[PDB]
Amino acid sequence: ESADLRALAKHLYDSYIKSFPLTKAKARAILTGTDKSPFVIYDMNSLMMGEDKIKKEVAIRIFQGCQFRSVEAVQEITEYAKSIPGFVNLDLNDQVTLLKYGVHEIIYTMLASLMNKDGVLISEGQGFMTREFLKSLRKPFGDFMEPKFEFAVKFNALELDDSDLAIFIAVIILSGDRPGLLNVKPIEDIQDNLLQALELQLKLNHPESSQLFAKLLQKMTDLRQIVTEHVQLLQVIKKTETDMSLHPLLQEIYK
Ligand SMILES: CCCCCCCC/C=C/CCCCCCCC(=O)O
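Residue numbers (UniProt numbering): 235 to 267, 270 to 291, 303 to 502.
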């Protein structure tokens, strides 16, 4: 019944707001236009004046900054996952598996919320780092954000809002096809109800957006490709910068 799907949609949106401090609605308010103006980092001096007003070569300091934020993001996504009805009742090994594969797909989905074609919000929206400053970073660190920006510009053209995204990232998490899952069926049963909820949600929230449900589902392909490229790029780092620490939570996820 639709009433149950609407209650599930409302539950997830509530947990999403409770779990993710910087929503898309806020990020768009910062990006579009007086109390919320971000300081803009577009070069070496702005970084310095940024590392002062926002608050060890620079390409590496920026890299380890991204890693720290990814870890914080894994923590937020883990919190959100526990609210998805049924998730914590699954075999503990399947919970770990679902988070291990799902977490970076969610990270780049939600990172799109903080992006426009020209750059990305950082430091809880207090800063804005330009796409060209990142693309200009020393090899191989300059190829690192560009595939995310390319995904975001397309993904953002779907014009989803946070309430849509709350259901979509839940769908992503309850993926029965992750390698090594022990009990695929109850995961699939949860995802099917989530899919029904998403379908109704896009119908009501975007009545004129034909086949938006299908187009959203097809984006789950671009997500997979970003991870694969990202994982390759890290292996290059591991060999060229043997002095660079990589956070253990991220190490474990990637293993
Ligand atoms: C310089 C301060 C933070 C700048 C962040 C720029 C983009 C914001 C978020 C980045 C997280 C995703 C980028 C890839 C992270 C590398 C480590 C990892 O998650 O495996």
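Just so it is clear, CB atoms sit at the ideal spot from N, CA and C, and this is done for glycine as well.
{"Asked": "Environment of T270 [buried if 16+ CB atoms lie within 10 Å]", "Found": "exposed"}
{"Asked": "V276: first and last residue of the uninterrupted beta strand (DSSP E) it sits in", "Found": "275-277"}
{"Asked": "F375 - DSSP class collapsed to helix/strand/coil", "Found": "strand"}
{"Asked": "Contact the region 417-432 vs the region 319-339: 3+ CB pairs below 8 Å", "Found": "yes"}
{"Asked": "C-beta atoms of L480 and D408 nearer than 8 Å", "Found": "no"}
{"Asked": "DSSP-derived helix/strand/coil call for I369", "Found": "strand"}
{"Asked": "Any non-hydrogen atom of ligand 1 closer than 7 Å to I419 Cβ", "Found": "no"}
{"Asked": "Unbroken alpha helix (DSSP H) run spanning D288, endpoints", "Found": "280-289"}
{"Asked": "Buried versus exposed call for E352 [16 or more other C-beta atoms within 10 Å across all chains shown]", "Found": "buried"}
{"Asked": "Ligand 1 heavy atom lying under 7 Å from the CB of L358", "Found": "yes"}
{"Asked": "Any non-hydrogen atom of ligand 1 within 7 Å of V367 CB", "Found": "yes"}
{"Asked": "Beta bridge counterpart(s) of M467 as assigned by DSSP", "Found": "Partner(s): none; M467 has no beta bridge."}
{"Asked": "Of the listed residues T257, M285, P274, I369, nearest to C313 (C-alpha basis)", "Found": "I369"}
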